[PDB]
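Listed next as structure tokens is one chain, alone, in the form deposited in one PDB entry.
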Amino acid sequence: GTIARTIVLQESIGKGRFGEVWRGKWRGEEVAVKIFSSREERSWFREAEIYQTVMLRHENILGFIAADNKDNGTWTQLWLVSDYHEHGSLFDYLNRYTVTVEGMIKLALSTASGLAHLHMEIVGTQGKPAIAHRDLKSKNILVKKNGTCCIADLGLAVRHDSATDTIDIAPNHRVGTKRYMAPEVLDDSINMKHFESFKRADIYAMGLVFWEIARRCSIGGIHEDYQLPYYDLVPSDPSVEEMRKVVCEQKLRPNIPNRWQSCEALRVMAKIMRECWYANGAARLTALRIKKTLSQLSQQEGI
């Protein structure tokens, strides 16, 4: 179509399970283009569908531009064009850098604001359904030039129909990254007919992302090396069974160092992590509550 024909692909930046991401140039601006082959149409259409949700746009959700198709004369490519963020993922960003207390708050608060907006239902003519991500992880969050985050990779999301309490794709199977799966997802006790259960599972994964950020907070030169949650307990690419034995059976969570109690910002962050990590989903903090807590901390710090 008219958009893909005017875009020049410059570099393949990533190869995921669904599609390949490229840095492209559109009307002289950098854009990110996710390309799927003809046989991945279901995945491409679903992601285009979630990104076109009414009232979805928010400073902390990846800016979607357009879905399109491009025929090179041999095969057709299915495109999803979005805003380009040079830092890339929060995973890449935390591996490369350490952050200040201010930097940590900015990353955590923006992640929570994006999640609170996904989770929020807006009632009306131009109403927005509540949305649950189902695959929140530091590799699915991007860092913007201003040091704030935006949630990306919404292709596995589910949308709620509030009047009937029904989910748009009626999920009957476990999806997402095994390492970040909530205890109720790992042991398959989650009620997949209960939308609030998917919001609660996202909060647990956001808790693990906050732990990743806090390790990289550098105070008086003190900080931890980058690690994925459960790095000390499971192998790389862990199985459901491996995760379940740790999270559900032994009931372990990532370690919270006592030295996070000697700094106010880290203390608040530690308290949030613990309250995201309860085995009972109903006891977890909401994304709005986390946003309110970190907004108060940001104000106190003068960011």
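Numbers follow the displayed sequence, beginning with 1. Rigid core here is just the name for the largest C-alpha set that superposes within 1.5 Å across the two forms.
The following text describes the form deposited in another entry, which does not appear among the structures shown.
Participant: Let me spell it out: fit the two forms on their rigid core, measure each listed C-alpha, and pick the one of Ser38, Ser236, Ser239, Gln250 that moves 2 Å or more between this form and the one not shown. Which is it?
Facilitator: The answer here is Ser38.
Participant: So with the core overlaid, does the Cα of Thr76 end up 2 Å or more away between this form and the one not shown?
Facilitator: True for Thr76: a C-alpha shift of 2 Å or more.
Participant: Answer yes if the Cα of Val268 shifts by 2 angstroms or more between this form and the one not shown on a rigid-core superposition, and no otherwise.
Facilitator: No, shifts by less than 2 Å.
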